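With mmCIF, C-alpha atoms and all ligand atoms inside, this is work.cif:
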data_query
#
loop_
_atom_site.label_atom_id
_atom_site.label_comp_id
_atom_site.auth_asym_id
_atom_site.auth_seq_id
_atom_site.Cartn_x
_atom_site.Cartn_y
_atom_site.Cartn_z
CA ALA A 1 43.29 20.30 69.09
CA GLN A 2 42.95 22.05 72.49
CA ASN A 3 39.74 21.60 74.56
CA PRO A 4 38.12 19.01 72.26
CA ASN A 5 35.18 18.34 74.60
CA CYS A 6 34.36 22.16 74.47
CA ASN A 7 34.36 22.60 78.23
CA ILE A 8 33.97 26.03 79.79
CA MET A 9 37.45 27.11 80.93
CA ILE A 10 38.20 29.33 83.93
CA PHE A 11 41.24 31.66 83.88
CA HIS A 12 43.16 33.31 86.68
CA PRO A 13 45.45 35.96 85.03
CA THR A 14 48.15 37.56 87.08
CA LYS A 15 48.27 41.38 87.36
CA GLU A 16 50.96 41.36 84.67
CA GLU A 17 48.89 39.23 82.36
CA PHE A 18 45.87 41.59 82.94
CA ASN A 19 47.58 44.54 81.19
CA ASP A 20 47.12 43.61 77.59
CA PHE A 21 43.48 42.67 76.88
CA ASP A 22 43.88 41.50 73.26
CA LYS A 23 46.92 39.40 74.12
CA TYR A 24 45.04 37.60 76.94
CA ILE A 25 42.02 36.81 74.69
CA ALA A 26 44.43 35.36 72.13
CA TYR A 27 46.07 33.32 74.96
CA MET A 28 42.74 31.91 76.09
CA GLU A 29 41.96 30.89 72.51
CA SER A 30 45.44 29.21 72.26
CA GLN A 31 44.23 26.99 75.09
CA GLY A 32 40.92 26.19 73.31
CA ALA A 33 38.64 28.38 75.40
CA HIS A 34 36.54 29.49 72.45
CA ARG A 35 35.43 26.01 71.70
CA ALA A 36 33.04 26.17 74.66
CA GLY A 37 31.44 29.44 73.48
CA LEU A 38 31.96 30.97 76.98
CA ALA A 39 34.92 31.43 79.40
CA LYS A 40 35.21 32.81 82.95
CA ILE A 41 38.00 35.21 83.91
CA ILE A 42 38.73 35.78 87.61
CA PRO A 43 40.65 39.10 87.94
CA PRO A 44 43.92 39.20 89.92
CA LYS A 45 43.43 39.94 93.60
CA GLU A 46 45.14 43.37 93.22
CA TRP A 47 42.48 44.62 90.73
CA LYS A 48 39.23 46.48 91.37
CA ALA A 49 36.58 47.88 88.97
CA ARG A 50 35.87 50.90 91.20
CA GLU A 51 36.29 51.89 94.86
CA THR A 52 32.71 51.36 96.04
CA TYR A 53 29.16 50.88 94.78
CA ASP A 54 27.82 53.05 97.61
CA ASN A 55 26.68 55.68 95.23
CA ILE A 56 24.55 53.92 92.38
CA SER A 57 21.00 54.27 93.50
CA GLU A 58 20.48 57.46 91.46
CA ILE A 59 21.03 55.80 88.10
CA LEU A 60 17.72 55.83 86.15
CA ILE A 61 16.17 52.81 84.54
CA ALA A 62 14.09 54.72 81.99
CA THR A 63 12.24 51.70 80.61
CA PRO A 64 12.14 48.69 83.00
CA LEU A 65 10.95 45.55 81.15
CA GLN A 66 8.45 43.03 82.72
CA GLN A 67 9.33 39.66 81.25
CA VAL A 68 6.04 37.83 80.65
CA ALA A 69 6.30 34.11 79.68
CA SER A 70 4.11 31.87 77.46
CA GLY A 71 4.47 28.12 76.87
CA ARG A 72 5.53 25.28 79.15
CA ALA A 73 8.13 25.27 81.88
CA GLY A 74 10.97 23.97 79.71
CA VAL A 75 10.00 25.59 76.39
CA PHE A 76 8.68 29.12 76.48
CA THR A 77 8.92 32.56 75.02
CA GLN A 78 8.99 35.87 76.83
CA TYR A 79 7.77 39.28 75.82
CA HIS A 80 8.89 42.51 77.32
CA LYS A 81 6.18 44.77 78.71
CA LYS A 82 7.39 48.34 79.23
CA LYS A 83 6.95 49.78 82.74
CA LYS A 84 7.28 53.29 84.13
CA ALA A 85 10.77 54.65 84.88
CA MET A 86 12.38 53.99 88.20
CA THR A 87 15.76 54.63 89.90
CA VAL A 88 18.21 51.83 90.74
CA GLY A 89 17.30 52.46 94.42
CA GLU A 90 13.64 51.96 93.66
CA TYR A 91 14.39 48.86 91.56
CA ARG A 92 16.60 47.28 94.26
CA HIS A 93 13.83 47.74 96.81
CA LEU A 94 11.34 46.11 94.36
CA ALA A 95 13.77 43.16 93.74
CA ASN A 96 14.00 42.65 97.54
CA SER A 97 10.21 42.77 98.10
CA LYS A 98 8.27 39.66 99.06
CA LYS A 99 6.70 39.46 95.55
CA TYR A 100 10.08 39.39 93.73
CA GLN A 101 12.78 38.24 96.13
CA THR A 102 14.83 35.04 95.76
CA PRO A 103 13.16 32.14 97.66
CA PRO A 104 14.88 30.17 100.34
CA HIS A 105 17.14 27.59 98.83
CA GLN A 106 19.96 25.18 99.72
CA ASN A 107 22.54 25.99 97.08
CA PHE A 108 22.89 27.08 93.39
CA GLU A 109 21.62 23.67 92.15
CA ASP A 110 18.42 23.88 94.17
CA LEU A 111 17.88 27.44 92.98
CA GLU A 112 18.40 26.31 89.32
CA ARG A 113 15.76 23.59 89.85
CA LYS A 114 13.34 26.14 91.22
CA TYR A 115 14.03 28.51 88.32
CA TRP A 116 13.19 25.92 85.66
CA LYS A 117 10.20 24.61 87.58
CA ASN A 118 8.61 27.97 88.34
CA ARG A 119 9.93 30.74 86.03
CA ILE A 120 6.90 30.81 83.75
CA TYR A 121 4.55 31.54 86.65
CA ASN A 122 6.09 34.90 87.44
CA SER A 123 6.93 38.08 85.54
CA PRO A 124 10.16 39.60 86.90
CA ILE A 125 11.23 43.15 85.91
CA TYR A 126 14.64 43.60 84.13
CA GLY A 127 16.60 46.92 83.68
CA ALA A 128 18.37 46.08 80.46
CA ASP A 129 20.41 47.70 77.86
CA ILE A 130 21.10 50.99 79.75
CA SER A 131 23.97 52.89 78.02
CA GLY A 132 26.62 53.63 80.62
CA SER A 133 29.59 52.34 82.71
CA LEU A 134 30.39 51.70 86.33
CA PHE A 135 34.21 51.31 85.78
CA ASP A 136 36.26 54.06 87.43
CA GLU A 137 38.05 56.10 84.80
CA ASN A 138 41.26 55.31 86.68
CA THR A 139 40.85 51.56 86.23
CA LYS A 140 43.25 50.87 83.39
CA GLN A 141 42.97 47.04 83.08
CA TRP A 142 39.85 45.40 81.59
CA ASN A 143 37.86 48.59 81.75
CA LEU A 144 34.89 47.84 79.45
CA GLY A 145 34.50 51.51 78.52
CA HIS A 146 38.19 51.72 77.27
CA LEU A 147 38.37 48.79 74.88
CA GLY A 148 39.52 49.00 71.25
CA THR A 149 36.40 49.59 69.10
CA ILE A 150 34.96 47.13 66.61
CA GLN A 151 35.17 49.87 63.94
CA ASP A 152 38.86 50.22 64.60
CA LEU A 153 39.34 46.41 64.39
CA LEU A 154 37.56 46.31 61.04
CA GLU A 155 39.72 49.19 59.83
CA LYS A 156 42.96 47.59 61.01
CA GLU A 157 42.11 44.17 59.51
CA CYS A 158 40.36 45.18 56.28
CA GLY A 159 41.38 48.80 55.61
CA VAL A 160 37.92 50.20 55.46
CA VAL A 161 36.90 53.20 57.48
CA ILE A 162 33.31 53.26 58.76
CA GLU A 163 30.97 55.31 60.97
CA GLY A 164 29.72 53.99 64.30
CA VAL A 165 30.57 53.77 67.90
CA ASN A 166 30.81 50.91 70.48
CA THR A 167 29.78 51.68 74.12
CA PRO A 168 28.95 49.54 77.18
CA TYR A 169 25.59 48.74 78.62
CA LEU A 170 24.33 48.21 82.21
CA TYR A 171 21.92 45.43 83.26
CA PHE A 172 20.07 45.54 86.56
CA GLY A 173 18.53 42.07 87.38
CA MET A 174 16.36 40.44 89.96
CA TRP A 175 15.38 36.82 90.71
CA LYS A 176 14.17 35.04 87.57
CA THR A 177 15.15 37.80 85.14
CA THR A 178 16.07 35.94 82.01
CA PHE A 179 18.25 36.28 78.91
CA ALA A 180 16.95 34.24 76.00
CA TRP A 181 18.98 31.99 73.67
CA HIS A 182 21.04 34.14 71.30
CA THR A 183 24.36 34.90 69.72
CA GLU A 184 25.67 38.47 69.60
CA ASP A 185 24.87 40.95 66.83
CA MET A 186 26.95 40.00 63.81
CA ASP A 187 28.20 36.96 65.89
CA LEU A 188 30.53 39.28 67.80
CA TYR A 189 32.25 38.48 71.08
CA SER A 190 30.79 39.82 74.31
CA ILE A 191 32.37 40.54 77.66
CA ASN A 192 30.29 40.82 80.81
CA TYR A 193 31.41 41.96 84.25
CA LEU A 194 29.18 41.28 87.29
CA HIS A 195 29.71 44.44 89.33
CA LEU A 196 27.66 43.58 92.38
CA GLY A 197 24.94 41.49 93.90
CA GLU A 198 23.67 38.01 93.36
CA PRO A 199 24.93 35.53 90.77
CA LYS A 200 24.03 34.94 87.11
CA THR A 201 23.74 31.39 85.71
CA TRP A 202 24.76 30.86 82.08
CA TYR A 203 24.06 28.08 79.55
CA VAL A 204 26.09 27.89 76.31
CA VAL A 205 26.29 25.76 73.12
CA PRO A 206 29.75 25.28 71.54
CA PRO A 207 30.04 27.36 68.31
CA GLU A 208 30.81 24.23 66.31
CA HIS A 209 27.36 22.92 67.30
CA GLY A 210 25.27 26.04 67.02
CA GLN A 211 23.26 24.78 64.07
CA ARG A 212 22.01 21.83 66.28
CA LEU A 213 20.48 24.37 68.59
CA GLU A 214 18.94 26.28 65.68
CA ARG A 215 17.35 23.10 64.27
CA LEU A 216 15.82 22.26 67.63
CA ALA A 217 14.55 25.81 67.99
CA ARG A 218 12.82 25.56 64.61
CA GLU A 219 11.08 22.35 65.77
CA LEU A 220 10.06 23.82 69.16
CA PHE A 221 8.89 27.20 67.92
CA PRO A 222 7.44 26.29 64.50
CA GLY A 223 5.30 29.45 63.88
CA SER A 224 8.24 31.70 64.83
CA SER A 225 10.47 29.77 62.45
CA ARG A 226 8.04 30.30 59.55
CA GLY A 227 7.93 34.01 60.32
CA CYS A 228 11.68 34.50 60.23
CA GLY A 229 14.66 32.46 59.12
CA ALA A 230 16.75 33.88 62.04
CA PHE A 231 14.17 34.25 64.74
CA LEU A 232 16.61 33.58 67.57
CA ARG A 233 17.82 37.17 66.74
CA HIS A 234 14.56 38.28 68.40
CA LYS A 235 15.94 37.15 71.72
CA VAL A 236 12.68 35.71 73.09
CA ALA A 237 13.02 31.91 73.21
CA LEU A 238 13.93 29.74 76.16
CA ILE A 239 14.72 26.01 76.22
CA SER A 240 15.69 24.30 79.50
CA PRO A 241 18.72 22.12 80.14
CA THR A 242 16.39 19.11 80.58
CA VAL A 243 14.93 19.69 77.11
CA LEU A 244 18.35 20.23 75.60
CA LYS A 245 19.56 16.87 77.09
CA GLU A 246 16.43 15.07 75.84
CA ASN A 247 17.22 16.27 72.32
CA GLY A 248 20.94 15.53 72.46
CA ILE A 249 22.09 19.19 72.12
CA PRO A 250 25.63 19.70 73.41
CA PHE A 251 25.81 22.44 76.09
CA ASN A 252 27.49 23.53 79.26
CA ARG A 253 26.53 25.62 82.30
CA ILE A 254 28.35 27.82 84.80
CA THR A 255 27.46 30.38 87.51
CA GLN A 256 29.13 33.82 87.45
CA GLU A 257 29.58 35.63 90.76
CA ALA A 258 30.18 39.27 91.58
CA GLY A 259 33.68 40.35 90.63
CA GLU A 260 34.00 37.93 87.75
CA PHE A 261 34.13 38.42 83.94
CA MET A 262 32.54 36.19 81.34
CA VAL A 263 33.54 36.22 77.66
CA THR A 264 31.22 34.87 74.98
CA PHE A 265 32.88 33.85 71.70
CA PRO A 266 31.66 34.30 68.12
CA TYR A 267 28.59 32.19 67.35
CA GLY A 268 28.37 30.86 70.97
CA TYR A 269 24.66 30.62 71.71
CA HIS A 270 23.94 31.50 75.33
CA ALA A 271 21.00 31.98 77.74
CA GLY A 272 20.60 32.34 81.49
CA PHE A 273 19.04 33.93 84.55
CA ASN A 274 19.78 36.08 87.59
CA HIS A 275 19.64 34.76 91.15
CA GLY A 276 18.59 38.02 92.81
CA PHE A 277 19.28 41.77 92.67
CA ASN A 278 22.46 42.41 90.65
CA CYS A 279 24.18 44.76 88.29
CA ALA A 280 26.26 43.71 85.24
CA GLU A 281 28.06 45.70 82.53
CA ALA A 282 28.64 44.24 79.05
CA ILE A 283 29.97 45.27 75.64
CA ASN A 284 30.60 43.66 72.28
CA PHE A 285 34.12 43.42 70.87
CA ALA A 286 35.99 41.95 67.92
CA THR A 287 39.33 40.28 67.18
CA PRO A 288 40.86 39.24 63.85
CA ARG A 289 39.32 35.79 64.23
CA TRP A 290 35.81 37.28 64.38
CA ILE A 291 35.88 38.66 60.83
CA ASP A 292 35.01 35.33 59.21
CA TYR A 293 32.09 34.86 61.63
CA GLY A 294 30.85 38.36 60.87
CA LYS A 295 30.78 37.58 57.16
CA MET A 296 28.63 34.43 57.74
CA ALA A 297 26.31 35.70 60.50
CA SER A 298 22.61 35.17 59.98
CA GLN A 299 20.36 38.06 59.87
CA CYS A 300 16.79 38.88 60.86
CA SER A 301 15.13 40.82 57.97
CA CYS A 302 11.45 40.40 59.28
CA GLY A 303 11.61 43.60 61.25
CA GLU A 304 11.51 42.22 64.74
CA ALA A 305 15.21 42.24 65.74
CA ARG A 306 15.75 46.05 65.24
CA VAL A 307 19.33 46.92 66.33
CA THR A 308 21.91 49.66 66.78
CA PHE A 309 23.13 52.30 64.46
CA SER A 310 26.57 50.71 64.22
CA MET A 311 25.36 47.39 62.80
CA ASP A 312 24.57 49.10 59.48
CA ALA A 313 28.18 49.41 58.51
CA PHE A 314 29.04 45.87 59.55
CA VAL A 315 26.28 44.47 57.25
CA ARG A 316 27.15 46.90 54.47
CA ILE A 317 30.84 45.98 54.37
CA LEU A 318 30.85 42.30 55.40
CA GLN A 319 27.52 41.22 53.84
CA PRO A 320 26.84 43.51 50.83
CA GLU A 321 24.54 40.92 49.14
CA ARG A 322 22.28 40.85 52.24
CA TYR A 323 22.43 44.63 52.89
CA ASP A 324 19.36 45.75 50.89
CA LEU A 325 17.01 43.12 52.39
CA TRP A 326 18.34 43.59 55.96
CA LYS A 327 17.96 47.41 55.75
CA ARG A 328 14.32 47.03 54.52
CA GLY A 329 13.81 45.12 57.84
CA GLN A 330 15.43 48.00 59.74
CA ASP A 331 13.18 50.57 57.89
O1 LIG A 401 23.53 39.77 81.33
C1 LIG A 401 22.57 39.65 80.53
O2 LIG A 401 21.31 39.82 80.77
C2 LIG A 401 22.78 39.24 79.12
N1 LIG A 401 24.18 39.46 78.71
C3 LIG A 401 24.64 38.88 77.61
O3 LIG A 401 23.97 38.19 76.77
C4 LIG A 401 26.09 39.06 77.27
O4 LIG A 401 26.88 39.63 78.05
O5 LIG A 401 26.39 38.67 76.14
MG MG A 402 23.71 57.31 91.63
NI NI A 403 24.82 37.96 74.92
ZN ZN A 404 13.06 38.25 62.40
#
Written as structure tokens, that's how I'd like the structure from this file.
Ligand SMILES: O=C(O)CNC(=O)C(=O)O
Ligand SMILES: [Mg+2]
Ligand code: NI
Ligand SMILES: [Zn+2]
Amino acid sequence: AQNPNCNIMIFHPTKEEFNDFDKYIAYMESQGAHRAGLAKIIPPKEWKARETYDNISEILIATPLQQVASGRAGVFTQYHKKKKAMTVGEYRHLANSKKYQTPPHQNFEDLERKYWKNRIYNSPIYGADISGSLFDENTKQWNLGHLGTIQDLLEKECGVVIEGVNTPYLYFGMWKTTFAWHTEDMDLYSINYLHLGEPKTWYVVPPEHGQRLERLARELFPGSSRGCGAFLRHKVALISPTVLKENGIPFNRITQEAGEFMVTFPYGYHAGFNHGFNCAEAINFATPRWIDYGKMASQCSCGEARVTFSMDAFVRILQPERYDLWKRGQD
């Protein structure tokens, strides 16, 4: 069995190996990469996502989210307070202001310490989930707006033809902006490219151990657990590495830098934070190996998780017994 300790693997494809996306995912899985729940892919030196970022300040963040925390430093939830629209140029200047900028620090480890010590005491503003792409249309390799769609994968594997579309999303971050513990919708893969700016630190639980994380989350967030049997779908709960280690939960951590891709694998719980002003692009995708995870994915039916148009068909075809209850939650 490859990668039995479920370590995060780092790949360096050649320009030739970067041509065929599906083939390279299958290669990484041949080497056991999926066991970690997360992999890093460093693009060949010849590749570029686009020529420059000199022209992005006019992108609109229609609904910036202020991430307000409640709890204790290692175990907290966050709620998203909607703020007035602002441009990416306006947001970058806010990120760089004295109130929001990254503090002086020695290295990534010191900055991680400061994040877990002090996150709850601030409310950073996140530009999340903005439909769009920063890949040049002429970038042919690993262009997140030109991937095979999840609807097409389901049709190729299962024969069924369904509505829905699959497009990328932009994330503009600042110091302390936070992504809560979650798996993807329908336990899909994700791919995330850090276009520019400061790093993103990731934490991940191996898929084979995901239920250990869920059981701890039920203990740590007991009212949330009574409210919903899949409350991590709400994407609001944080648990620190110190707390995870105290409770014996297997996990790993890695820092993504600008120019690097991360892949999350089906049912790989992940969480993390941004080091400073940055911009990432991410999209969900599927492979044949996903289908069995899609069929078993938990679902939020309490009404909180509220998701995309395209998830309807995935529930309806893969989980027909759950469809009626889940759709009541959506409506
Ligand atoms: O970058 C972020 O804020 C969060 N992204 C992801 O959870 C992802 O790519 O799967
Ligand atoms: Mg612009
Ligand atoms: Ni994710
Ligand atoms: Zn719920």
| query | Taking into account all atoms listed in the file, which residue in the set A:294, A:127, A:272, A:303 is nearest to ligand NI 403 (chain A)? | reply |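 Closest residue, counting all atoms listed in the file: A:272.
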At a cut-off of 7 Å, can you tabulate as CSV every residue of chain A near ligand NI 403 (chain A) together with its closest atom pair and the distance in Å to one decimal, using only C-alpha atoms and all ligand atoms and ordering rows by chain then number?
residue,atom,partner,partner_atom,distance
A:182,CA,A:NI403,NI,6.5
A:183,CA,A:NI403,NI,6.1
A:184,CA,A:NI403,NI,5.4
A:190,CA,A:NI403,NI,6.3
A:270,CA,A:NI403,NI,6.5
| note | The distance between CA of residue 207 in chain A and CA of residue 267 in chain A is 5.1 Å
| message | Please compute the CA of residue 282 in chain A-CA of residue 29 in chain A distance, one decimal, in Å. | response |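 Taking CA of residue 282 in chain A and CA of residue 29 in chain A, their separation equals 20.0 Å.
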| said: Residues within 9 Å of residue 102 in chain A, please, as a count of residues only. Count all atoms listed in the file; anything in the same chain fewer than 3 positions from it doesn't count. | reply: 11
| said: Rounded to one decimal, what separation in Å do you get between CA of residue 238 in chain A and CA of residue 78 in chain A? | reply: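 Answer for the CA of residue 238 in chain A to CA of residue 78 in chain A separation: 7.9 Å.
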Check which residues fall inside 7 Å of ligand LIG 401 (chain A) when counting all atoms listed in the file, and print them as a CSV table (one decimal) with C-alpha atoms, keeping the file's coordinate frame.
chain,number,residue,atom,x,y,z
A,128,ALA,CA,18.4,46.1,80.5
A,171,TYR,CA,21.9,45.4,83.3
A,178,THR,CA,16.1,35.9,82.0
A,179,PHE,CA,18.2,36.3,78.9
A,184,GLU,CA,25.7,38.5,69.6
A,190,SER,CA,30.8,39.8,74.3
A,191,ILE,CA,32.4,40.5,77.7
A,192,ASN,CA,30.3,40.8,80.8
A,264,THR,CA,31.2,34.9,75.0
A,270,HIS,CA,23.9,31.5,75.3
A,271,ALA,CA,21.0,32.0,77.7
A,280,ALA,CA,26.3,43.7,85.2
A,282,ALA,CA,28.6,44.2,79.0
A,283,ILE,CA,30.0,45.3,75.6
| query | Which one of A:252, A:247, A:122, A:225 sits closest to ligand ZN 404 (chain A) if you count only C-alpha atoms and all ligand atoms? | reply |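 Result for the nearest residue to ligand ZN 404 (chain A): A:225.
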| Closest of A:308, A:292, A:319, A:15 to residue 157 in chain A - atom-to-atom distances counting all atoms listed in the file |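 The answer is A:292, which sits nearest to residue 157 in chain A.
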| request: Kindly work out which residues sit at most 12 Å from ligand MG 402 (chain A), using all atoms listed in the file, and give the list as an NGL selection string. | output: :A and (52-61 or 87-90 or 132-134)
So that I have them on file, write out the residues from the current selection with C-alpha atoms, as a compact mmCIF listing (two decimals), in the frame of the given file.
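Wrote part_33.txt, looks like this:
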# COMPACT_ATOMS: atom_id res chain seq x y z
CA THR A 52 32.71 51.36 96.04
CA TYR A 53 29.16 50.88 94.78
CA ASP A 54 27.82 53.05 97.61
CA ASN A 55 26.68 55.68 95.23
CA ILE A 56 24.55 53.92 92.38
CA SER A 57 21.00 54.27 93.50
CA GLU A 58 20.48 57.46 91.46
CA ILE A 59 21.03 55.80 88.10
CA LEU A 60 17.72 55.83 86.15
CA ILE A 61 16.17 52.81 84.54
CA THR A 87 15.76 54.63 89.90
CA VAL A 88 18.21 51.83 90.74
CA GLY A 89 17.30 52.46 94.42
CA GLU A 90 13.64 51.96 93.66
CA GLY A 132 26.62 53.63 80.62
CA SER A 133 29.59 52.34 82.71
CA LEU A 134 30.39 51.70 86.33
| task | Compute the set of protein, DNA and RNA residues whose minimum atom distance to ligand ZN 404 (chain A) is at most 12 Å, using only C-alpha atoms and all ligand atoms, and state it as an MDAnalysis selection string. | result | chainID A and resid 223:236 298:307 325:326 328:330
| field | Polymer residues at most 7 Å from (9.7, 44.4, 87.1) by all atoms listed in the file, as a count of residues only | value | 6
| message | Set the distance at 8 Å and use all atoms listed in the file: which residues neighbour range 193-196 of chain A once local chain neighbours fewer than 6 positions away are removed? I'd like the list as JSON, numbers by chain. | response | {"A": [49, 53, 134, 256, 257, 258, 259, 260, 261, 262, 278, 279, 280, 281, 282]}
For range 225-331 of chain A versus range 141-151 of chain A, which residues have an atom no more than 9 Å away, and what is each residue's nearest atom pair and distance in Å rounded to one decimal, using all atoms listed in the file, chain-then-number order, as JSON lines?
{"residue": "A:281", "atom": "CA", "partner": "A:144", "partner_atom": "CA", "distance": 7.8}
{"residue": "A:282", "atom": "CA", "partner": "A:144", "partner_atom": "CA", "distance": 7.2}
{"residue": "A:283", "atom": "CA", "partner": "A:144", "partner_atom": "CA", "distance": 6.7}
{"residue": "A:284", "atom": "CA", "partner": "A:150", "partner_atom": "CA", "distance": 7.9}
{"residue": "A:285", "atom": "CA", "partner": "A:150", "partner_atom": "CA", "distance": 5.7}
{"residue": "A:286", "atom": "CA", "partner": "A:150", "partner_atom": "CA", "distance": 5.4}
{"residue": "A:287", "atom": "CA", "partner": "A:150", "partner_atom": "CA", "distance": 8.1}
{"residue": "A:310", "atom": "CA", "partner": "A:151", "partner_atom": "CA", "distance": 8.6}
{"residue": "A:313", "atom": "CA", "partner": "A:151", "partner_atom": "CA", "distance": 8.9}
{"residue": "A:314", "atom": "CA", "partner": "A:151", "partner_atom": "CA", "distance": 8.5}
Save out the residues we just selected, C-alpha atoms, as a PDB file, in the coordinates of the input.
ATOM      1  CA  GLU A 281      28.060  45.700  82.530  1.00  0.00           C
ATOM      2  CA  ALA A 282      28.640  44.240  79.050  1.00  0.00           C
ATOM      3  CA  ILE A 283      29.970  45.270  75.640  1.00  0.00           C
ATOM      4  CA  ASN A 284      30.600  43.660  72.280  1.00  0.00           C
ATOM      5  CA  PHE A 285      34.120  43.420  70.870  1.00  0.00           C
ATOM      6  CA  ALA A 286      35.990  41.950  67.920  1.00  0.00           C
ATOM      7  CA  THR A 287      39.330  40.280  67.180  1.00  0.00           C
ATOM      8  CA  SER A 310      26.570  50.710  64.220  1.00  0.00           C
ATOM      9  CA  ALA A 313      28.180  49.410  58.510  1.00  0.00           C
ATOM     10  CA  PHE A 314      29.040  45.870  59.550  1.00  0.00           C
TER      11      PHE A 314
END
Please return the centre and edge lengths, in Å to one decimal, of a box with edges along x, y and z that contains all listed atoms of range 177-192 of chain A, widened by 8 Å on every side, as AutoDock Vina command-line options.
--center_x 23.8 --center_y 36.5 --center_z 74.5 --size_x 33.2 --size_y 25.0 --size_z 37.3
| query | From the list A:47, A:79, A:24, A:265, which residue is nearest residue 120 in chain A when using all atoms listed in the file? | reply |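 Closest residue, counting all atoms listed in the file: A:79.
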Identify the residues around (47.5, 33.6, 66.8) within a radius of 9 Å, measuring from only C-alpha atoms in the coordinates stated by the file, and give them as an mmCIF file with C-alpha atoms, in the coordinates of the input.
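Wrote selection_38.cif, looks like this:
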data_model
loop_
_atom_site.group_PDB
_atom_site.id
_atom_site.type_symbol
_atom_site.label_atom_id
_atom_site.label_comp_id
_atom_site.auth_asym_id
_atom_site.auth_seq_id
_atom_site.Cartn_x
_atom_site.Cartn_y
_atom_site.Cartn_z
ATOM 1 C CA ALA A 26 44.430 35.360 72.130
ATOM 2 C CA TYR A 27 46.070 33.320 74.960
ATOM 3 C CA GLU A 29 41.960 30.890 72.510
ATOM 4 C CA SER A 30 45.440 29.210 72.260
ATOM 5 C CA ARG A 289 39.320 35.790 64.230
#
| field | Spatial neighbours of residue 31 in chain A, max dist 10 Å, only C-alpha atoms, sep filter under 5 positions, as a PyMOL selection string | value | chain A and resi 1-3+9+26
| task | Would you please work out which residue, of A:211, A:167, A:19, A:242, is nearest to residue 139 in chain A when using all atoms listed in the file? | result |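 Result for the nearest residue to residue 139 in chain A: A:19.
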Incomplete range 302-313 of chain A brought to N, CA, C and O atoms, written out as a PDB file, in the frame of the given file:
ATOM      1  N   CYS A 302      12.908  40.327  59.097  1.00  0.00           N
ATOM      2  CA  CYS A 302      11.450  40.400  59.280  1.00  0.00           C
ATOM      3  C   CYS A 302      11.014  41.651  59.961  1.00  0.00           C
ATOM      4  O   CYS A 302       9.809  41.923  60.002  1.00  0.00           O
ATOM      5  N   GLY A 303      11.924  42.373  60.595  1.00  0.00           N
ATOM      6  CA  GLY A 303      11.610  43.600  61.250  1.00  0.00           C
ATOM      7  C   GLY A 303      11.628  43.526  62.736  1.00  0.00           C
ATOM      8  O   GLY A 303      11.703  44.552  63.402  1.00  0.00           O
ATOM      9  N   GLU A 304      11.589  42.309  63.294  1.00  0.00           N
ATOM     10  CA  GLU A 304      11.510  42.220  64.740  1.00  0.00           C
ATOM     11  C   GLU A 304      12.817  42.601  65.419  1.00  0.00           C
ATOM     12  O   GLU A 304      12.780  43.381  66.371  1.00  0.00           O
ATOM     13  N   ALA A 305      13.976  42.142  64.913  1.00  0.00           N
ATOM     14  CA  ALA A 305      15.210  42.240  65.740  1.00  0.00           C
ATOM     15  C   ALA A 305      15.689  43.684  66.005  1.00  0.00           C
ATOM     16  O   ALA A 305      16.206  43.957  67.094  1.00  0.00           O
ATOM     17  N   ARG A 306      15.411  44.601  65.094  1.00  0.00           N
ATOM     18  CA  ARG A 306      15.750  46.050  65.240  1.00  0.00           C
ATOM     19  C   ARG A 306      16.953  46.354  66.209  1.00  0.00           C
ATOM     20  O   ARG A 306      16.880  46.172  67.458  1.00  0.00           O
ATOM     21  N   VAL A 307      18.059  46.785  65.611  1.00  0.00           N
ATOM     22  CA  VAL A 307      19.330  46.920  66.330  1.00  0.00           C
ATOM     23  C   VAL A 307      19.961  48.323  66.157  1.00  0.00           C
ATOM     24  O   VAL A 307      19.399  49.247  65.540  1.00  0.00           O
ATOM     25  N   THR A 308      21.128  48.450  66.773  1.00  0.00           N
ATOM     26  CA  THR A 308      21.910  49.660  66.780  1.00  0.00           C
ATOM     27  C   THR A 308      22.295  50.207  65.388  1.00  0.00           C
ATOM     28  O   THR A 308      22.457  49.510  64.388  1.00  0.00           O
ATOM     29  N   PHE A 309      22.550  51.497  65.492  1.00  0.00           N
ATOM     30  CA  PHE A 309      23.130  52.300  64.460  1.00  0.00           C
ATOM     31  C   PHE A 309      24.395  51.690  63.835  1.00  0.00           C
ATOM     32  O   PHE A 309      24.567  51.708  62.638  1.00  0.00           O
ATOM     33  N   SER A 310      25.276  51.147  64.658  1.00  0.00           N
ATOM     34  CA  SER A 310      26.570  50.710  64.220  1.00  0.00           C
ATOM     35  C   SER A 310      26.526  49.367  63.425  1.00  0.00           C
ATOM     36  O   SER A 310      27.351  49.037  62.503  1.00  0.00           O
ATOM     37  N   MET A 311      25.447  48.629  63.588  1.00  0.00           N
ATOM     38  CA  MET A 311      25.360  47.390  62.800  1.00  0.00           C
ATOM     39  C   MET A 311      25.212  47.618  61.312  1.00  0.00           C
ATOM     40  O   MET A 311      25.657  46.762  60.477  1.00  0.00           O
ATOM     41  N   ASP A 312      24.705  48.786  60.891  1.00  0.00           N
ATOM     42  CA  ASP A 312      24.570  49.100  59.480  1.00  0.00           C
ATOM     43  C   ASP A 312      25.841  48.871  58.766  1.00  0.00           C
ATOM     44  O   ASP A 312      25.819  48.204  57.720  1.00  0.00           O
ATOM     45  N   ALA A 313      26.925  49.498  59.183  1.00  0.00           N
ATOM     46  CA  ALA A 313      28.180  49.410  58.510  1.00  0.00           C
ATOM     47  C   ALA A 313      28.722  48.024  58.467  1.00  0.00           C
ATOM     48  O   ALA A 313      29.357  47.626  57.490  1.00  0.00           O
TER      49      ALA A 313
END
